[PDB]
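Residue numbers (PDB author numbering): 1 to 330.
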Ligand SMILES: c1cnc2c(c1)ccc1cccnc12
C-alpha cells in the first residue's frame, strides 16, 4: 500500500507545514505538523483544558466508534523550544492520504503549553522520528510510520516541502518525477532516536567548498537551519550589516541586503539553498531589521537541518533494517 498527502505552510514565512490527517470512525480531519524530530502522535481534544484551546480543531474520542482508552497510559513531552504537552492515550484508526493504520496510539492532550495554544492552525503533531523517543508510559508506543511499515510497498517516506507553496509527503514509494538527477544516500545513526546523519561540508555563495564533518538531524518540525558557530559566522560575515543580537536572540540583517546562497554536502553531492530561503522577514512589524534563517546551534547542543535546508531538496527517509537518508536536487 501507499499514501500521498499535500502539506501546506501555515503562514507567508513557512514557519511550519500542516497536513490533513483522518482520525476515528467516522473520520475527524485534523491538520497536523509532521515532525521527523519527535515520535508522539498527539492532538488537541475534547479533554484539553477549555482555556488552552484557541481555534484548533479537536479530536472527540466519544464520537469515534473505533476509539479505545488505553487504560492507565499517560504521556508527557517537553520540546527543545521550552514548549510542552501531556495527557492520556487512545487507540484509533488513523489515515494519511489514503494509507490506513488501525490501532494507532493517539495521544489526547489534557494540558498544552501557551505556544501551542497561540498557533490556531496546528491541531497536533505527527511524530516520524524512531519509536524509542515515544513518551507513552508505562508501555511505549510505535509511530504511524512504524505501524504502517509492513503494509507499505517500500519502507520509505519522502518529504518534498515547498518554498512559499504546497508540497507533498509520500508514504511507501519514491516519485521519480519529483526530483532531478540522482538521489544520493547517506548513513543514518539511530543512537539518539533521530534521523541523524553527517554532512560533508559547506560553501557560502560562490565560494570554495569547505570539507568538514557536520553531524546533524533531518528535522521537518524545526523551521530554521541550526549549524556550528564557526559555519554560521562565516555565512553572516558575507552580509553587509549582519550581526548577532542578544535582544532578538540570533543573527539579524538589514532587510534591504541580498543574501548569498548556502551549500551543504551530502556525500559527493551538493544541495544549494537559495539566499531568498534564508530571509525570515522583519523582527517586528515595520522594522528594517530582518531575521536570519541560519542560526547557531551552540545553545541547542545538536545541529539541525530544519525546513530551511530540507525544502531545498527532495528527501527520502528510508526506514529499511539499516536506515539511510536520500537527498536529490529538485
Ligand atoms: C523560527 C524561529 N524564530 C523566528 C522565526 C522562525 C521567524 C521569525 C522570527 C522573528 C523574530 C525572532 N524569531 C523569529
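C-beta: ideal position from N, C-alpha, C; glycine also.
Kindly indicate which residue of 119, 92, 318, 72 has the alpha-carbon position closest to the one of residue 83. 119
Is the beta carbon of residue 37 within less than 7 angstroms of some heavy atom of ligand 1? no
So what does DSSP say about residue 88, is it helix, strand or coil? strand
Beta-carbon separation of residue 76 and residue 135 under 8 angstroms? yes
In the structure shown, what three-state DSSP assignment does residue 276 receive? helix
Does the region 184–200 touch the region 234–252, meaning 3 or more C-beta pairs lie closer than 8 angstroms? no
What is the rounded straight-line gap between the Cα of residue 109 and the Cα of residue 127? 15 angstroms
Following the continuous alpha helix (DSSP H) through residue 114, name the residue where it begins and the one where it ends. 114–118
By DSSP's criteria, residue 104 is part of a beta bridge. Which residues make up the other side? 92
Would residue 293 and residue 278 qualify as a contact pair, given that the criterion is a beta-carbon distance under 8 angstroms? yes
Residues around ligand 1, please: the condition is that the C-beta lies closer than 7 angstroms to some non-hydrogen atom of it. 13, 15, 223, 224, 248, 249, 250, 280, 281, 283, 291
As assigned by DSSP and simplified to three states, the class of residue 47: coil
Could you tell me whether the Cβ atoms of residue 31 and residue 174 are closer together than 8 angstroms? no
Which word fits residue 243, buried or exposed, when buried means at least 16 other C-beta atoms lie within 10 angstroms of its C-beta? exposed
Confirm, please, whether the CB-CB distance from residue 54 to residue 93 is below 8 angstroms. no
What do you reckon, are the CB atoms on residue 318 and residue 214 nearer than 8 angstroms? no
Please classify residue 124 as buried or exposed, where buried requires at least 16 other C-beta atoms within 10 Å of its C-beta. buried
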